[PDB]
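S.K.: Take this structure first; my questions come after.
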Amino acid sequence: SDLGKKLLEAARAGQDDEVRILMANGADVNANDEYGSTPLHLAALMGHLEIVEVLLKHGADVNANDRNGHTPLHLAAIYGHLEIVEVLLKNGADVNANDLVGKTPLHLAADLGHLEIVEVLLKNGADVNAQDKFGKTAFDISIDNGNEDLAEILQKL
Ligand SMILES: [Ca+2]
Ligand SMILES: [Cl-]
């Protein structure tokens, strides 16, 4: 029986009770699939807050990269999952972690246009002037997208 594969599936699917049994049987909370996703990645992707919390207190790696370079915080940003963002920041996430195109969670939340997450990231240490691999800051992204409310927030001194 491959406990890690079952744990990945249970974390994605919101199966809290099965997550607990699998950990009780020794499942590796840092198991990964062929794309480098861990249970924390998938639980974050699906907005399963309680599973994220359980994985974190079991010691799951908070800043592990999947095959795109994304940490769980990148995924919480990209899709705009506010409560996930907040709990990862309280539990050791690297707010300025870069993916394979040089983007931080701030770049991803800015491209999404999620104002509240952008400000949570900034006020929890995001580098407002971080540049991705093609030289863009979050402000440049907001300009490119025409999101003037976001551009205002990003340029606030
Ligand atoms: Ca602060
Ligand atoms: Cl249980």
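Note on naming: chains are A, B, ... as they come in the structure tokens, residues start from 1 per chain, ligands start from 1 in the order shown.
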Just the residues within 9 Å of residue 12 in chain A, please, counting only C-alpha atoms, with nothing from its chain fewer than 3 positions along; format it as a list in words.
M.R.: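 Here the qualifying residues turn out to be residues 7, 8, 9, 15, 39, 40, 41, 42, 43, 44, 45, 46 and 48 of chain A.
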S.K.: Hey, which residues sit close to ligand 1? Say within 12 Å, counting only C-alpha atoms and all ligand atoms, and write them as a list in words.
M.R.: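 Counting only what the definition allows, namely only C-alpha atoms and all ligand atoms, the set is residues 89, 90, 119, 120, 121, 122, 123, 124, 125 and 126 of chain A.
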S.K.: Write out the residues from the selection above, keeping C-alpha atoms, as a compact mmCIF listing (two decimals), in the first residue's frame.
M.R.:
```
# COMPACT_ATOMS: atom_id res chain seq x y z
CA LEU A 89 2.36 33.16 6.34
CA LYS A 90 1.83 32.46 10.05
CA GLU A 119 -2.09 43.70 0.71
CA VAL A 120 -1.81 40.68 3.02
CA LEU A 121 1.36 39.70 1.16
CA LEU A 122 2.81 43.22 1.24
CA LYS A 123 2.06 43.66 4.94
CA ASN A 124 3.59 40.27 5.70
CA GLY A 125 6.92 41.07 4.05
CA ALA A 126 6.48 40.78 0.29
```
S.K.: So how far away is CA of residue 112 in chain A from CA of residue 138 in chain A, in Å?
M.R.: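 Result for CA of residue 138 in chain A versus CA of residue 112 in chain A: 10.6 Å, one decimal.
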S.K.: Report as a list in words which protein, DNA and RNA residues come within 7 Å of ligand 2, using only C-alpha atoms and all ligand atoms.
M.R.: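 Listing the residues within 7 Å of ligand 2 gives residues 17, 20 and 21 of chain A.
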S.K.: Selection from above, N, CA and C atoms, as a JSON list (two decimals), in the first residue's frame, can you write it?
M.R.:
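What follows is the written file out_32.json:
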```json
[["chain", "number", "residue", "atom", "x", "y", "z"],
["A", 17, "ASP", "N", -10.74, 12.90, 7.39],
["A", 17, "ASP", "CA", -10.63, 11.74, 8.26],
["A", 17, "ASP", "C", -9.63, 10.73, 7.73],
["A", 20, "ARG", "N", -6.08, 11.87, 8.41],
["A", 20, "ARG", "CA", -5.63, 11.52, 9.75],
["A", 20, "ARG", "C", -5.21, 10.06, 9.86],
["A", 21, "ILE", "N", -6.02, 9.12, 9.33],
["A", 21, "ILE", "CA", -5.66, 7.71, 9.41],
["A", 21, "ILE", "C", -4.34, 7.45, 8.70]]
```
S.K.: From the set A:110, A:13, A:62, A:19, which residue has the shortest atom-to-atom contact distance to residue 91 in chain A, counting only C-alpha atoms?
M.R.: A:62
S.K.: Write out as a list in words each polymer residue whose atoms come within 12 Å of residue 64 in chain A, counting only C-alpha atoms; drop sequence neighbours fewer than 2 positions from it.
M.R.: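 Final neighbour list, sorted by chain and number: residues 29, 30, 31, 32, 36, 37, 38, 39, 40, 41, 60, 61, 62, 66, 67, 68, 69, 70, 71, 72, 73, 74, 75, 92, 93, 94, 97, 98 and 99 of chain A.
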S.K.: May I have the residues from that selection written out with C-alpha atoms, as an mmCIF file, in the first residue's frame?
M.R.:
```cif
data_model
loop_
_atom_site.group_PDB
_atom_site.id
_atom_site.type_symbol
_atom_site.label_atom_id
_atom_site.label_comp_id
_atom_site.auth_asym_id
_atom_site.auth_seq_id
_atom_site.Cartn_x
_atom_site.Cartn_y
_atom_site.Cartn_z
ATOM 1 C CA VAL A 29 3.425 14.340 4.817
ATOM 2 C CA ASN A 30 6.111 15.455 2.366
ATOM 3 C CA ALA A 31 5.228 12.804 -0.222
ATOM 4 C CA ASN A 32 5.177 14.083 -3.756
ATOM 5 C CA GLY A 36 6.354 17.535 -7.478
ATOM 6 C CA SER A 37 3.090 18.369 -5.733
ATOM 7 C CA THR A 38 2.893 17.568 -2.018
ATOM 8 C CA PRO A 39 -0.199 17.164 0.141
ATOM 9 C CA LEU A 40 0.177 20.790 1.245
ATOM 10 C CA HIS A 41 0.193 21.944 -2.406
ATOM 11 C CA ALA A 60 5.129 19.492 6.280
ATOM 12 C CA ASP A 61 7.660 21.450 4.229
ATOM 13 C CA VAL A 62 6.004 24.842 3.681
ATOM 14 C CA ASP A 66 6.529 21.648 -7.500
ATOM 15 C CA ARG A 67 7.714 21.175 -11.065
ATOM 16 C CA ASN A 68 6.733 24.750 -11.951
ATOM 17 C CA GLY A 69 8.656 26.132 -9.005
ATOM 18 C CA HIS A 70 5.450 26.833 -7.085
ATOM 19 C CA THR A 71 5.269 26.583 -3.343
ATOM 20 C CA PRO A 72 1.905 26.162 -1.615
ATOM 21 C CA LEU A 73 1.831 29.931 -1.061
ATOM 22 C CA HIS A 74 2.260 30.519 -4.802
ATOM 23 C CA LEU A 75 -0.763 28.282 -5.398
ATOM 24 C CA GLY A 92 6.818 29.696 7.965
ATOM 25 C CA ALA A 93 6.048 30.393 4.331
ATOM 26 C CA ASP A 94 8.671 32.363 2.470
ATOM 27 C CA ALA A 97 9.867 32.587 -2.805
ATOM 28 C CA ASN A 98 10.405 32.542 -6.577
ATOM 29 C CA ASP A 99 9.021 30.097 -9.109
#
```
S.K.: Of the candidates A:79, A:27, A:88, A:117, which one gets nearest to residue 56 in chain A if we count only C-alpha atoms?
M.R.: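 Under the stated criterion, the closest residue is A:88.
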S.K.: Rank nothing, just name the residue among A:5, A:58, A:114, A:103 nearest to residue 132 in chain A, using only C-alpha atoms.
M.R.: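 Checking each candidate against residue 132 in chain A, we get A:103 as the closest.
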S.K.: Record the distance separating CA of residue 35 in chain A and CA of residue 3 in chain A, expressed in Å with one decimal.
M.R.: 17.3 Å
S.K.: CA of residue 10 in chain A to CA of residue 86 in chain A: how many Å, to one decimal?
M.R.: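 Here the two named atoms are 22.5 Å from each other.
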S.K.: For residue 146 in chain A, find every residue with an atom within 12 Å (counting only C-alpha atoms), except residues of its own chain fewer than 6 positions away, and show them as a PyMOL selection string.
M.R.: chain A and resi 110-113+139-140+152
S.K.: Which one of A:11, A:77, A:130, A:47 sits closest to residue 105 in chain A if you count only C-alpha atoms?
M.R.: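 Of all the options, A:77 lies closest to residue 105 in chain A.
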S.K.: Out of A:63, A:133, A:52, A:108, which residue has the shortest atom-to-atom distance to residue 87 in chain A when counting only C-alpha atoms?
M.R.: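 Among the listed residues, A:52 lies closest to residue 87 in chain A.
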S.K.: Just list the residues in range 12-147 of chain A DSSP gives alpha helix (DSSP H) on the backbone, as a ChimeraX atom specification.
M.R.: /A:12-13,16-24,39-45,49-57,72-78,82-90,105-112,115-122,138-145
S.K.: For residue 107 in chain A, which residue out of A:95, A:141, A:157, A:82 is the nearest one, using only C-alpha atoms?
M.R.: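 Smallest separation from residue 107 in chain A among the options: A:141.
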